[PDB]
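Below: one structure, written as structure tokens.
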Amino acid sequence: XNXXX
Amino acid sequence: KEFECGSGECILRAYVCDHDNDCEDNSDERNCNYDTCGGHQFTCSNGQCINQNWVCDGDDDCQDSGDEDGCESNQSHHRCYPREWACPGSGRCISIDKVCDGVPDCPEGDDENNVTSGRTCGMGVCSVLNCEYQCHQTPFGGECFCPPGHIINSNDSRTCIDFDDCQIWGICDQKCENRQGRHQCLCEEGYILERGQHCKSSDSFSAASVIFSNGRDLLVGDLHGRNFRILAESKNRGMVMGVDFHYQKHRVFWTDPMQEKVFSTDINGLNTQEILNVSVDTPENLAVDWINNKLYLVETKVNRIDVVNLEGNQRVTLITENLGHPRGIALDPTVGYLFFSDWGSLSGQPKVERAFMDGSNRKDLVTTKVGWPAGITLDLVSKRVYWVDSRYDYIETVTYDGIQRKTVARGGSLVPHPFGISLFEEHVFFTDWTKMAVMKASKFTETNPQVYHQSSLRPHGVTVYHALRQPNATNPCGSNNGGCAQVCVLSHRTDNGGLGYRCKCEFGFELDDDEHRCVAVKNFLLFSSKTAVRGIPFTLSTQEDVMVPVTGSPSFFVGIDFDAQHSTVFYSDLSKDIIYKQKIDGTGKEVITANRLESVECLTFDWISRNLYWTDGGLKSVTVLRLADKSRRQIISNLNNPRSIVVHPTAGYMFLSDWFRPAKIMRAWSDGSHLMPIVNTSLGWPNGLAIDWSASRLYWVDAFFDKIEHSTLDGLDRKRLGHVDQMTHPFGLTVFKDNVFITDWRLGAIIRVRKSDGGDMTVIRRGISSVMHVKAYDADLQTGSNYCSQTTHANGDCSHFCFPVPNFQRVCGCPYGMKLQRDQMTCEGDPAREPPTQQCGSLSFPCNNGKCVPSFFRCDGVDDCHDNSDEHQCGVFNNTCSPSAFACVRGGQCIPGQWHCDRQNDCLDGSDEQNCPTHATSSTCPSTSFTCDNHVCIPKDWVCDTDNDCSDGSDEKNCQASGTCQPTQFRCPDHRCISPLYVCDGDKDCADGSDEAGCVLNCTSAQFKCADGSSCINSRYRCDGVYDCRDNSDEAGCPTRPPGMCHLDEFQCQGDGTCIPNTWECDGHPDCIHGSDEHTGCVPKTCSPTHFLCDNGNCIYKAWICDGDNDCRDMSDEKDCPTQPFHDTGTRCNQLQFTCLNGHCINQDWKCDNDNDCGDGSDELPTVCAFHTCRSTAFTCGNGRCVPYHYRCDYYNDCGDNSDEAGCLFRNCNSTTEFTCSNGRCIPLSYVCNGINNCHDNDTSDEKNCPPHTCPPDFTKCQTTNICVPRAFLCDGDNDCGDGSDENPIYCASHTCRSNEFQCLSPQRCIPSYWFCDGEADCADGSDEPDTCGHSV
Ligand SMILES: *[C@@H]1O[C@H](CO)[C@@H](O[C@@H]2O[C@H](CO)[C@@H](O[C@@H]3O[C@H](CO)[C@@H](O)[C@H](O)[C@@H]3O)[C@H](O)[C@H]2NC(C)=O)[C@H](O)[C@H]1NC(C)=O
Ligand SMILES: *[C@@H]1O[C@H](CO)[C@@H](O[C@@H]2O[C@H](CO)[C@@H](O)[C@H](O)[C@H]2NC(C)=O)[C@H](O)[C@H]1NC(C)=O
Ligand SMILES: *[C@@H]1O[C@H](CO)[C@@H](O[C@@H]2O[C@H](CO)[C@@H](O)[C@H](O)[C@H]2NC(C)=O)[C@H](O)[C@H]1NC(C)=O
Ligand SMILES: *[C@@H]1O[C@H](CO)[C@@H](O)[C@H](O)[C@H]1NC(C)=O
Ligand SMILES: *[C@@H]1O[C@H](CO)[C@@H](O)[C@H](O)[C@H]1NC(C)=O
Ligand SMILES: *[C@@H]1O[C@H](CO)[C@@H](O)[C@H](O)[C@H]1NC(C)=O
Ligand SMILES: *[C@@H]1O[C@H](CO)[C@@H](O)[C@H](O)[C@H]1NC(C)=O
Ligand SMILES: *[C@@H]1O[C@H](CO)[C@@H](O)[C@H](O)[C@H]1NC(C)=O
Ligand SMILES: *[C@H]1O[C@H](CO)[C@H](O)[C@H](O)[C@H]1NC(C)=O
Ligand SMILES: *[C@H]1O[C@H](CO)[C@H](O)[C@H](O)[C@H]1NC(C)=O
Ligand SMILES: *[C@H]1O[C@H](CO)[C@H](O)[C@H](O)[C@H]1NC(C)=O
Ligand SMILES: *[C@H]1O[C@H](CO)[C@H](O)[C@H](O)[C@H]1NC(C)=O
Ligand SMILES: *[C@H]1O[C@H](CO)[C@H](O)[C@H](O)[C@H]1NC(C)=O
Ligand SMILES: *[C@H]1O[C@H](CO)[C@H](O)[C@H](O)[C@H]1NC(C)=O
Ligand SMILES: *[C@H]1O[C@H](CO)[C@H](O)[C@H](O)[C@H]1NC(C)=O
Ligand SMILES: *[C@H]1O[C@H](CO)[C@H](O)[C@H](O)[C@H]1NC(C)=O
Ligand SMILES: [Ca+2]
Ligand SMILES: [Ca+2]
Ligand SMILES: [Ca+2]
Ligand SMILES: [Ca+2]
Ligand SMILES: [Ca+2]
Ligand SMILES: [Ca+2]
Ligand SMILES: [Ca+2]
Ligand SMILES: [Ca+2]
Ligand SMILES: [Ca+2]
Ligand SMILES: [Ca+2]
Ligand SMILES: [Ca+2]
Ligand SMILES: [Ca+2]
Ligand SMILES: [Ca+2]
Ligand SMILES: [Ca+2]
Ligand SMILES: [Ca+2]
Ligand SMILES: [Ca+2]
Ligand SMILES: [Ca+2]
């Protein structure tokens, strides 16, 4: 997933 | 040609005169240049110089084995030593005074009687040996023993030959000579010889003391511990970490990792002051250059080694490359080396490293069997380094060149966990974290270390405070700062041609080609990560930073940008939801805004208008802010998952990326209007955008197809770059010169490729943790001026912010709650449409800083507002402490609950450490877990592993060398017991690797085998595009897409040939470049009557239309909301043309601008211009007209009211050589009355035609000035003379020209008769050439 951790 | 020897032989010049005999005549070896080696070289016995890296590598380069002497850690003796006996089992040597004395004096105990061998101690065959000195009893019988300087010969025990006692370890503590008495000791100056072996400090120096950290406080005592004095006590839960001093100035320095500060103080405890508190976060250790007045500092939040002066002003980073985990540091300024330790690098190798005192010529001083090397101390008189190890648990010493490794202590019962160490004369004082005490140890060999001070906490670095610890030496930088411009950092005495120093520049500067004068930095690579924001030189040949790292205690940095005109960088912090600004040097940290920030994913800076854009991924919007005065507004509001945004100031465009399933890339005017997609086909996860300023090409990065593309700013002419190796998931992107810089989350690295094709992938950084955007700092880029920042006025005459617009225009804007007035430039209040809003809701406390915190976080003892504003004046009435915190009974102070009775006096009155339960009760941890004296419990398996698990040493007490570990624990042969979870784990945990050697790998169904069996990687990393195994066994044999075709589950675009997932086929969105994936064969989508079919095909409840949010993810459900109630000739002009009363349409930009264009004045009638308002890009006069903006401040009253020259500031012309006209125009004095007007001012005093008093005919005289404009330019619409004679109230108004001229109809211009009806149209409308006039060719 391309979500900022 | 070559050199011919005297014996008749040819030898090559390079091998002529190189200590090689060559020809037997030795012709090439009679001459001796053979100069002394430099700092980077090792000196062999014969004088040959070899590079430092060749030392102890396995090759006898010196031809004497001087560079391969004792690289092993003293595994065994070499024929033992004279008057000593050898134990067969482990190579330990003891003398006859212990052999057969009745006590087992070596680990095997073979030196006494044994029932398993029958050996007995007594006399024997030695009567036949007849030894040179004496006989004595051994278990084999009588054997030879010989005096000092007497060793037995080659396999001849009866014969003793003279021996060099100078080679024995510890024969003399400092120095030894063998010319007299078979040996003799001597001492360095300042020391005085005592007995015949020991050198002690002379009493001519004041005193000697040891300084060490108790783990909380800074202690000091004498060399025997009779009395101890607390020097400086730690405040605010501080922790003294690493200590060093400066005997000349009587100052003691110590670091603080808990307080993230570095202090210094006098030896008396006076004048305790902070040396550094910026960018220093975990200063593990410290060191002082006592002759150059420097302070070398270790940092571990951003692993680096710094140097700063004793007062803490001039700062510069020295070592950054591959520095891993720096722990220890030591230096010898007199000779000029820097020694530092490293217990793990970016490469897995741990090492003890040597370097010059300016970071040059790094060398692996000790590499084999180093484990976890810790602080380092130096023997300044014998030229040896001492380091301690926490993994293999030993104290070892090597020389300055790494040769002659000798072990002074070893074992889990001797030094279970050393941290720090220091030498004074003959004793190494070393901290140990397991016995929890500073221990005093002999520096040659020890059977058992003595306890010097037993602590209740883990102690830390130790130093010995004495003058002889800092020998005198000259200062190379003392000769007027060494000539360096900013900073002089000492180096090796042979470096810089013997000058002994190298010039440096503080942060924000770089050295010119002279290496003496600093110049302001122009370019460097700026990148962000979870832990820090860093700036790196582009040239990979060097590694050290140019800007101070930006770091905090909680830290997650994402977005960054820079302001070159102020040497300022911006950044965001998702752990604080704030946007900061900070200088390159690190000073002047300020916040920009901390209000209503929700996951700001990126930033960009409009360097000409000074506007800051950021993207709120939580608010789902983009915001602009003017830095001159805080003024913010949401310009785009209804996005789905916006990401990196980039703005083009000169072109007036901004670009933003969205990666919700219908992914796209948008473009808009800088105003935040005309939003439209430019790339919406064949996209997935478009993370990073970048702009090529040298070509106006937009570069963007995709992460779903693993591609990087580029196109013009219009989105046309789209091109892809080639395959980039090991790129699986790119986030950041930056284009600078001919390189493209990218950051991949899967790699956790910064890679560089060529900007025109796939390029030579070059890794810039590795192991950079969670990595975020990159940015190219460049001061040349931030150059230019639109009409928003043109001179002669400011900010484009707009209140608040003005936005550059494409085609060289500007549009004025104002913040939230403001509306543009009728003039379209200045803004008035608009509370009717946008009412004022609070900083926080009713359930949250607004801090003094713009942030917002929960209302029950007030006075909880923890700074949540990042301004302490929530913890201010707490404890008083109407300001009670939170229920979670603990309140001190007096003085009004609230402290966190976890600080209540934790053995630290936190409350100012000590209320937090008073009357709390001592009842450990009969409470017991499970029978599996061992119980410490602190009632903390750990498993039985953890006992006696030399690790202080209990935090009080209870699990390591009464540990003995009996070698009788528990059945579960594995036993290293002579090191320690160890847990099974460390046996065969890929890591050598024992000293000799006995726990890892001989085992095999073994893997579950969720793991994969490398082909060579070197590692057992997770199955997730199989076939991922990243080479994980060293032998590349994971990515080999992966499914290959058939040539031309695509995989089974992947649609193919017929017009392009690329592949997209079948889930994207017939979804309602054309992903293929020609829309081939939404062909007419797609089944149409249906929706239920109870739902609403959104424009993207979604079905949503019809109740939810206009409910407050776009549930469709498209504007469909919220776009259509009228639901809200109260609670003549036939021909015609075009769409964009104004219509006059008499026709002749005129373009709408000519409407109401003081130019009559309709003839009748319809385009300028007062009725027409009464309601007309200026376009947003045009300047509005005070009269109400709409002139183009480029007419503003151009010396010319084109507005009529002079409203557009009102307030213009004009540069003062040099009146000594130029002429300042009445309108403000600057013209040279030489151009005054030069022949034609140049000022064109209202005065028209420029062109008076001063010299001549008249002009001849043809070039006819003008009226009030004698300019020679011909009559052919009469009544032509412009004043050619500038003095009326062409407009001529006399001619062209009385009668039609002279007899030889004709007056045109449009313009009303008299033209020569040979122009009139000559066959060529000379009037504007051709009134001189009608069919009526006739005439012929
Ligand atoms: C390194 O060099 C410095 C400067 O030469 C040495 O410091 C100075 O050493 C002298 C002794 O040679 C000291 O003189 C003594 O001072 C005391 C106190 O006033 C006095 O009672 C004695 O009679 C004698 O005069 C001097 O004070 C001292 N300090 C300075 C700044 O001059 C230093 O000892 C040298 N260190 C080493 C390790 O060589
Ligand atoms: C994807 O982007 C293109 C532009 O590259 C859009 O095509 C434009 O569509 C509008 C109408 O919506 C036309 O007026 C323009 O002439 C089209 N091209 C230009 C020159 O912009 C296209 O509509 C976009 N598709 C989606 C699904 O948003
Ligand atoms: C809450 O209690 C505090 C402590 O008495 C009050 O703080 C004072 O507030 C006034 C007005 O802002 C300041 O002028 C004083 O300097 C503050 N401290 C002192 C010295 O009293 C605060 O006013 C109280 N608030 C309420 C609503 O009672
Ligand atoms: C024993 O010592 C003598 C000394 O000359 C030497 O010649 C001989 O080689 C040695 N033998 C062994 C086996 O060491
Ligand atoms: C650092 O120290 C200086 C001088 O005491 C002080 O002015 C500054 O506020 C300090 N900054 C921090 C973050 O403590
Ligand atoms: C580990 O070892 C055994 C053989 O010794 C093997 O059968 C088992 O499947 C392996 N299991 C794991 C945990 O990988
Ligand atoms: C103006 O001209 C004079 C004479 O050439 C020169 O000395 C002076 O520096 C100039 N000053 C400015 C402000 O241009
Ligand atoms: C200067 O401007 C005024 C209008 O403000 C005009 O009447 C006058 O004629 C101008 N001066 C000259 C020398 O033309
Ligand atoms: C030998 O050469 C080195 C440089 O290689 C230094 O100049 C050193 O000072 C020299 N030694 C002597 C004694 O002159
Ligand atoms: C209140 O919120 C609005 C947006 O809803 C604006 O950001 C406004 O500036 C805010 N007011 C204050 C005082 O911050
Ligand atoms: C006083 O203020 C604190 C602020 O966190 C809490 O609201 C608390 O409940 C208040 N009342 C008391 C009795 O402490
Ligand atoms: C200690 O506590 C554990 C956990 O509750 C068990 O109750 C155990 O039986 C107790 N031990 C003793 C000796 O009472
Ligand atoms: C050593 O001590 C342990 C303590 O648990 C056992 O008693 C063991 O039997 C002893 N002996 C050996 C050889 O391990
Ligand atoms: C890749 O390897 C597979 C192995 O089954 C097939 O041979 C396939 O045709 C190959 N394709 C390419 C392009 O090499
Ligand atoms: C649309 O109609 C089809 C049958 O033609 C199905 O009932 C389908 O489920 C309908 N759409 C939705 C969203 O229910
Ligand atoms: C002038 O201002 C009005 C609002 O007062 C409108 O924005 C109008 O569109 C503007 N004029 C033009 C030509 O756009
Ligand atoms: Ca030679
Ligand atoms: Ca070698
Ligand atoms: Ca004995
Ligand atoms: Ca990917
Ligand atoms: Ca709080
Ligand atoms: Ca406490
Ligand atoms: Ca250990
Ligand atoms: Ca343990
Ligand atoms: Ca292991
Ligand atoms: Ca892989
Ligand atoms: Ca599709
Ligand atoms: Ca809705
Ligand atoms: Ca007009
Ligand atoms: Ca003008
Ligand atoms: Ca002129
Ligand atoms: Ca004219
Ligand atoms: Ca004509």
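Each chain in the structure tokens gets a letter, A, B, ..., in the order shown, and its residues are numbered from 1; ligands are numbered from 1 in order too.
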What do you get as a list in words if you pick all residues at most 7 Å from ligand 17, counting only C-alpha atoms and all ligand atoms? residues 15, 16, 17, 18, 19, 20, 21, 22, 28 and 29 of chain B
Neighbours of ligand 19 within 6 Å, counting only C-alpha atoms and all ligand atoms, as a ChimeraX atom specification? /B:98-105,111-112
Output N, CA, C and O atoms of each residue in that selection to a file, as a PDB file, in the first residue's frame.
```pdb
ATOM      1  N   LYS B  98      55.697 -20.604  40.930  1.00  0.00           N
ATOM      2  CA  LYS B  98      54.354 -21.155  41.056  1.00  0.00           C
ATOM      3  C   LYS B  98      54.271 -22.610  40.621  1.00  0.00           C
ATOM      4  O   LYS B  98      53.385 -23.340  41.075  1.00  0.00           O
ATOM      5  N   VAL B  99      55.176 -23.057  39.749  1.00  0.00           N
ATOM      6  CA  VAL B  99      55.150 -24.442  39.295  1.00  0.00           C
ATOM      7  C   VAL B  99      55.558 -25.361  40.435  1.00  0.00           C
ATOM      8  O   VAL B  99      56.576 -25.139  41.098  1.00  0.00           O
ATOM      9  N   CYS B 100      54.749 -26.394  40.671  1.00  0.00           N
ATOM     10  CA  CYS B 100      54.972 -27.423  41.684  1.00  0.00           C
ATOM     11  C   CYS B 100      54.972 -26.876  43.106  1.00  0.00           C
ATOM     12  O   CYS B 100      55.436 -27.560  44.026  1.00  0.00           O
ATOM     13  N   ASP B 101      54.463 -25.661  43.318  1.00  0.00           N
ATOM     14  CA  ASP B 101      54.377 -25.120  44.670  1.00  0.00           C
ATOM     15  C   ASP B 101      53.232 -25.722  45.472  1.00  0.00           C
ATOM     16  O   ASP B 101      53.141 -25.467  46.677  1.00  0.00           O
ATOM     17  N   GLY B 102      52.359 -26.505  44.837  1.00  0.00           N
ATOM     18  CA  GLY B 102      51.247 -27.147  45.507  1.00  0.00           C
ATOM     19  C   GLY B 102      49.886 -26.602  45.139  1.00  0.00           C
ATOM     20  O   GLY B 102      48.876 -27.130  45.622  1.00  0.00           O
ATOM     21  N   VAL B 103      49.818 -25.571  44.302  1.00  0.00           N
ATOM     22  CA  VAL B 103      48.549 -24.937  43.949  1.00  0.00           C
ATOM     23  C   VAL B 103      48.369 -24.968  42.436  1.00  0.00           C
ATOM     24  O   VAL B 103      49.313 -24.654  41.696  1.00  0.00           O
ATOM     25  N   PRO B 104      47.189 -25.338  41.927  1.00  0.00           N
ATOM     26  CA  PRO B 104      46.951 -25.231  40.481  1.00  0.00           C
ATOM     27  C   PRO B 104      46.876 -23.776  40.048  1.00  0.00           C
ATOM     28  O   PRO B 104      45.898 -23.084  40.345  1.00  0.00           O
ATOM     29  N   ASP B 105      47.903 -23.306  39.342  1.00  0.00           N
ATOM     30  CA  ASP B 105      48.072 -21.887  39.061  1.00  0.00           C
ATOM     31  C   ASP B 105      47.789 -21.527  37.607  1.00  0.00           C
ATOM     32  O   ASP B 105      48.092 -20.405  37.188  1.00  0.00           O
ATOM     33  N   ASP B 111      50.342 -28.162  36.396  1.00  0.00           N
ATOM     34  CA  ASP B 111      51.593 -27.866  37.082  1.00  0.00           C
ATOM     35  C   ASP B 111      51.702 -28.536  38.450  1.00  0.00           C
ATOM     36  O   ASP B 111      52.614 -28.204  39.218  1.00  0.00           O
ATOM     37  N   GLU B 112      50.804 -29.464  38.771  1.00  0.00           N
ATOM     38  CA  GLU B 112      50.856 -30.178  40.038  1.00  0.00           C
ATOM     39  C   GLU B 112      50.650 -31.662  39.771  1.00  0.00           C
ATOM     40  O   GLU B 112      50.559 -32.101  38.622  1.00  0.00           O
TER      41      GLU B 112
END
```
Contacts with ligand 18 at most 9 Å, only C-alpha atoms and all ligand atoms counted, listed as a PyMOL selection string: chain B and resi 50+52-62+65-68
Mind writing the picked residues with N, CA, C and O atoms as a JSON list (two decimals), in the first residue's frame?
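The resulting file, again25.json, is reproduced below:
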```
[["chain", "number", "residue", "atom", "x", "y", "z"],
["B", 50, "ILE", "N", 55.18, 1.31, 3.24],
["B", 50, "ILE", "CA", 54.04, 0.65, 2.61],
["B", 50, "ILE", "C", 52.77, 1.31, 3.12],
["B", 50, "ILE", "O", 52.76, 1.89, 4.21],
["B", 52, "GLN", "N", 49.13, 2.03, 4.74],
["B", 52, "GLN", "CA", 48.61, 1.58, 6.02],
["B", 52, "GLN", "C", 47.66, 0.40, 5.88],
["B", 52, "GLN", "O", 47.55, -0.42, 6.79],
["B", 53, "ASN", "N", 46.96, 0.30, 4.75],
["B", 53, "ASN", "CA", 46.01, -0.79, 4.56],
["B", 53, "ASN", "C", 46.69, -2.14, 4.41],
["B", 53, "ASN", "O", 46.05, -3.17, 4.63],
["B", 54, "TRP", "N", 47.98, -2.16, 4.05],
["B", 54, "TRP", "CA", 48.70, -3.42, 3.88],
["B", 54, "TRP", "C", 49.06, -4.06, 5.21],
["B", 54, "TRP", "O", 49.55, -5.19, 5.22],
["B", 55, "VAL", "N", 48.85, -3.37, 6.33],
["B", 55, "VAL", "CA", 49.31, -3.87, 7.62],
["B", 55, "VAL", "C", 48.35, -4.93, 8.14],
["B", 55, "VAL", "O", 47.13, -4.71, 8.21],
["B", 56, "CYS", "N", 48.90, -6.08, 8.51],
["B", 56, "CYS", "CA", 48.14, -7.18, 9.10],
["B", 56, "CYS", "C", 46.99, -7.62, 8.19],
["B", 56, "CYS", "O", 45.86, -7.82, 8.63],
["B", 57, "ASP", "N", 47.30, -7.77, 6.91],
["B", 57, "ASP", "CA", 46.35, -8.29, 5.94],
["B", 57, "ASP", "C", 46.64, -9.73, 5.53],
["B", 57, "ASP", "O", 45.79, -10.35, 4.88],
["B", 58, "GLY", "N", 47.81, -10.26, 5.88],
["B", 58, "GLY", "CA", 48.20, -11.61, 5.52],
["B", 58, "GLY", "C", 49.41, -11.70, 4.61],
["B", 58, "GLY", "O", 49.92, -12.81, 4.41],
["B", 59, "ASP", "N", 49.89, -10.59, 4.06],
["B", 59, "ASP", "CA", 51.03, -10.59, 3.16],
["B", 59, "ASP", "C", 52.23, -9.96, 3.85],
["B", 59, "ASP", "O", 52.13, -8.85, 4.39],
["B", 60, "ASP", "N", 53.36, -10.66, 3.82],
["B", 60, "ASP", "CA", 54.59, -10.13, 4.40],
["B", 60, "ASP", "C", 55.23, -9.12, 3.45],
["B", 60, "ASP", "O", 56.24, -9.41, 2.81],
["B", 61, "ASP", "N", 54.63, -7.93, 3.36],
["B", 61, "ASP", "CA", 55.11, -6.93, 2.42],
["B", 61, "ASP", "C", 56.46, -6.36, 2.82],
["B", 61, "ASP", "O", 57.25, -5.96, 1.96],
["B", 62, "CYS", "N", 56.75, -6.32, 4.13],
["B", 62, "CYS", "CA", 57.96, -5.67, 4.61],
["B", 62, "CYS", "C", 59.21, -6.51, 4.42],
["B", 62, "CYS", "O", 60.30, -6.03, 4.76],
["B", 65, "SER", "N", 58.43, -9.31, 7.92],
["B", 65, "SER", "CA", 57.21, -9.61, 8.66],
["B", 65, "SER", "C", 56.92, -8.58, 9.75],
["B", 65, "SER", "O", 56.22, -8.90, 10.72],
["B", 66, "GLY", "N", 57.44, -7.36, 9.61],
["B", 66, "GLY", "CA", 57.15, -6.33, 10.60],
["B", 66, "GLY", "C", 55.74, -5.80, 10.50],
["B", 66, "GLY", "O", 55.21, -5.26, 11.47],
["B", 67, "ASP", "N", 55.11, -5.94, 9.34],
["B", 67, "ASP", "CA", 53.72, -5.54, 9.15],
["B", 67, "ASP", "C", 52.75, -6.69, 9.38],
["B", 67, "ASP", "O", 51.54, -6.50, 9.24],
["B", 68, "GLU", "N", 53.25, -7.88, 9.72],
["B", 68, "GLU", "CA", 52.40, -9.02, 10.03],
["B", 68, "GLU", "C", 52.72, -9.60, 11.41],
["B", 68, "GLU", "O", 52.60, -10.81, 11.61]]
```
Please determine the contact residues of chain A with respect to chain B at a cut-off of 9 Å, counting only C-alpha atoms, and supply them as a short mmCIF file (atom, residue, chain, number, x, y, z; two decimals) with N, CA and C atoms, in the first residue's frame.
```
data_model
loop_
_atom_site.label_atom_id
_atom_site.label_comp_id
_atom_site.auth_asym_id
_atom_site.auth_seq_id
_atom_site.Cartn_x
_atom_site.Cartn_y
_atom_site.Cartn_z
N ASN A 2 0.45 2.25 -0.77
CA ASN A 2 1.19 3.50 -0.93
C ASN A 2 0.76 4.54 0.09
N UNK A 4 1.67 6.72 3.60
CA UNK A 4 2.73 7.16 4.50
C UNK A 4 2.53 6.55 5.88
N UNK A 5 3.45 5.68 6.29
CA UNK A 5 3.34 4.97 7.56
C UNK A 5 3.33 5.93 8.74
#
```
Closest contacts (chain B/ligand 24, max 7 Å, only C-alpha atoms and all ligand atoms) as a tab-separated table:
```
residue	atom	partner	partner_atom_place_in_ligand_line	distance
B:942	CA	ligand 24	1 (Ca)	4.6
B:943	CA	ligand 24	1 (Ca)	4.4
B:944	CA	ligand 24	1 (Ca)	4.9
B:945	CA	ligand 24	1 (Ca)	4.5
B:946	CA	ligand 24	1 (Ca)	5.5
B:947	CA	ligand 24	1 (Ca)	4.2
B:948	CA	ligand 24	1 (Ca)	5.2
B:949	CA	ligand 24	1 (Ca)	5.0
B:955	CA	ligand 24	1 (Ca)	5.4
B:956	CA	ligand 24	1 (Ca)	5.8
```
Contacts of residue 329 in chain B at 8 Å (only C-alpha atoms; same-chain gap of 3+ positions) as a list in words: residues 285, 286, 287, 298, 338, 339, 340, 341, 375, 376 and 377 of chain B
Just want the 10 Å neighbourhood of residue 739 in chain B, counted on only C-alpha atoms, with same-chain residues fewer than 5 positions away dropped. Output as a VMD selection string. chain B and resid 538 734 752 to 756 759 to 760
Excluding residue 1143 in chain B and any residue of its chain fewer than 2 positions from it, enumerate the residues within 12 Å of it, using only C-alpha atoms, and give them as number ranges by chain. B: 1128-1134, 1137-1141, 1145-1146, 1157-1163
So which residues are near ligand 8, meaning at most 10 Å away with only C-alpha atoms and all ligand atoms counted, given back as a list in words?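 The residues near ligand 8 are residues 1197, 1200, 1201, 1202, 1222, 1223, 1241, 1242, 1243, 1244, 1245, 1282, 1283 and 1284 of chain B.
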Do a neighbour search on residue 1115 in chain B at 9 Å with only C-alpha atoms, toss out local chain neighbours closer than 6 positions, and write the hits as a tab-separated table (two decimals) with C-alpha atoms, in the first residue's frame.
```
chain	number	residue	atom	x	y	z
B	638	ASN	CA	-12.28	18.20	-2.71
B	1094	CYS	CA	-22.54	8.10	-9.58
B	1095	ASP	CA	-20.71	9.43	-12.63
B	1109	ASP	CA	-19.23	14.61	1.82
```
For chain B against ligand 13, with a cut-off of 12 Å and counting only C-alpha atoms and all ligand atoms, what is the closest atom pair and its distance in Å to one decimal for every residue that makes the cut, ordered by chain and number, as JSON lines?
```
{"residue": "B:940", "atom": "CA", "partner": "ligand 13", "partner_atom_place_in_ligand_line": "5 (O)", "distance": 10.8}
{"residue": "B:941", "atom": "CA", "partner": "ligand 13", "partner_atom_place_in_ligand_line": "5 (O)", "distance": 11.8}
{"residue": "B:943", "atom": "CA", "partner": "ligand 13", "partner_atom_place_in_ligand_line": "5 (O)", "distance": 11.0}
{"residue": "B:944", "atom": "CA", "partner": "ligand 13", "partner_atom_place_in_ligand_line": "4 (C)", "distance": 11.4}
{"residue": "B:958", "atom": "CA", "partner": "ligand 13", "partner_atom_place_in_ligand_line": "4 (C)", "distance": 11.6}
{"residue": "B:959", "atom": "CA", "partner": "ligand 13", "partner_atom_place_in_ligand_line": "2 (O)", "distance": 10.5}
{"residue": "B:960", "atom": "CA", "partner": "ligand 13", "partner_atom_place_in_ligand_line": "2 (O)", "distance": 9.6}
{"residue": "B:961", "atom": "CA", "partner": "ligand 13", "partner_atom_place_in_ligand_line": "1 (C)", "distance": 10.1}
{"residue": "B:962", "atom": "CA", "partner": "ligand 13", "partner_atom_place_in_ligand_line": "1 (C)", "distance": 6.8}
{"residue": "B:963", "atom": "CA", "partner": "ligand 13", "partner_atom_place_in_ligand_line": "14 (O)", "distance": 6.5}
{"residue": "B:964", "atom": "CA", "partner": "ligand 13", "partner_atom_place_in_ligand_line": "14 (O)", "distance": 3.4}
{"residue": "B:965", "atom": "CA", "partner": "ligand 13", "partner_atom_place_in_ligand_line": "14 (O)", "distance": 6.0}
{"residue": "B:966", "atom": "CA", "partner": "ligand 13", "partner_atom_place_in_ligand_line": "5 (O)", "distance": 5.8}
{"residue": "B:967", "atom": "CA", "partner": "ligand 13", "partner_atom_place_in_ligand_line": "14 (O)", "distance": 8.4}
{"residue": "B:968", "atom": "CA", "partner": "ligand 13", "partner_atom_place_in_ligand_line": "5 (O)", "distance": 11.0}
{"residue": "B:969", "atom": "CA", "partner": "ligand 13", "partner_atom_place_in_ligand_line": "5 (O)", "distance": 11.0}
{"residue": "B:970", "atom": "CA", "partner": "ligand 13", "partner_atom_place_in_ligand_line": "14 (O)", "distance": 11.5}
{"residue": "B:971", "atom": "CA", "partner": "ligand 13", "partner_atom_place_in_ligand_line": "14 (O)", "distance": 10.3}
{"residue": "B:977", "atom": "CA", "partner": "ligand 13", "partner_atom_place_in_ligand_line": "14 (O)", "distance": 11.4}
```
